[PDB]
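Only one chain comes next, encoded as structure tokens, the form solved without its partner chain.
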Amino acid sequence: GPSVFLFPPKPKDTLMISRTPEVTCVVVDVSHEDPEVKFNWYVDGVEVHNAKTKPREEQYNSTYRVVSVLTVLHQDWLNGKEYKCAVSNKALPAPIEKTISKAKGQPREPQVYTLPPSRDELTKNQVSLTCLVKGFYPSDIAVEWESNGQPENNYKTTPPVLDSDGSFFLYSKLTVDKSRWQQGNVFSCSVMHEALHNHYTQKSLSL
């Protein structure tokens, strides 16, 4: 029978008013015998109908994949409203419902600390700049690097890790040519999180 997957908006979308956060209800494994699928959307149990269903797309394994997108208000998501996607299909014993919401719990402000490279790493051609983000809740967060206004692309960020006190932490590693760090260039770690002022903070790092 069919399967349903419900995806939340990206952390960055809910935190910046310029962007459009969306919850996405994906239905896979819809057979040819019964291709009609209907979506009912609910916000805290109140049915809404402003969703946008996309017309079914046959996949290469002879099954139809139907996607429905519901735009959400930034403050609705941040205020913790529940979003329920009810999927009905005549080849189902009963409709399938999935619910998604922001993690429950008191939000906490990320602490952002930039750490320079260990002196051991200076014998390398490239050095690792570290951004420690700890003590934040919920785990939805975005981390970026930049220098002199332009983005740095050669960086990787760990997934959020549950800390011992119930908050989350992560590390972000920016890799630059050792020549740039030695010159004295300034690098900045950008963090977006709901518990930040303007949902944004910036911590710089230089020799």
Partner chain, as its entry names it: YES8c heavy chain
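Residue numbers count along the first chain shown, from 1.
Asks: Hey, which bit's got the bigger mean C-alpha B factor in the entry, 171 to 179 or 134 to 142?
Replies: According to the entry, 171 to 179 carries the higher average C-alpha B-factor.
Asks: Going by the B-factors listed in the PDB entry, is the mean over the C-alpha atoms higher for 94 to 102 or for 68 to 76?
Replies: So the stretch with the higher mean C-alpha B-factor is 94 to 102.
Asks: Using the temperature factors in the entry, find which of 123, 128, 114, 111 has the highest value at its Cα atom.
Replies: In the PDB entry, the greatest C-alpha B-factor among 123, 128, 114, 111 is found at 123.
Asks: Based on what the PDB entry reports, which of 191, 186, 23, 195 has the top C-alpha B-factor?
Replies: When the deposited C-alpha B-factors of 191, 186, 23, 195 are compared, 186 is largest.
Asks: Splitting the chain's C-alpha B-factors into thirds, which one does residue 207 fall into?
Replies: Highest third - that is where residue 207 ends up once the chain's C-alpha B-factors are sorted.
Asks: Lowest, middle or highest third of the chain for the C-alpha temperature factor of residue 28?
Replies: Middle third of the chain for residue 28's C-alpha B-factor.
Asks: Among the modelled residues of its chain, does the C-alpha B-factor of residue 163 lie in the lowest, middle or highest third?
Replies: It belongs to the lowest third of the chain when residues are ordered by C-alpha B-factor.
Asks: By its CA B factor, does residue 157 count among the lowest, middle or highest third of the modelled residues in the chain?
Replies: Tercile = lowest for this residue's CA B-factor.
What follows is about the form deposited with its partner chain bound, which we do not show.
Asks: Report yes if all three of 25, 54 and 87 come within 4.5 Å of its partner chain in the deposited complex by some heavy atom, otherwise no.
Replies: No, the candidate spot makes no contact with its partner chain.
Asks: Using a 4.5 Å heavy atom cut-off, state whether residue 109 contacts its partner chain in the deposited complex.
Replies: Close contact exists here: in the deposited complex, residue 109 approaches its partner chain to within 4.5 Å, heavy atoms only.
Asks: Given that its partner chain is not shown alongside this chain, does residue 200 nevertheless sit within 4.5 Å of it in the deposited complex, heavy atom to heavy atom?
Replies: Result yes; residue 200 sits at the interface with its partner chain in the deposited complex.
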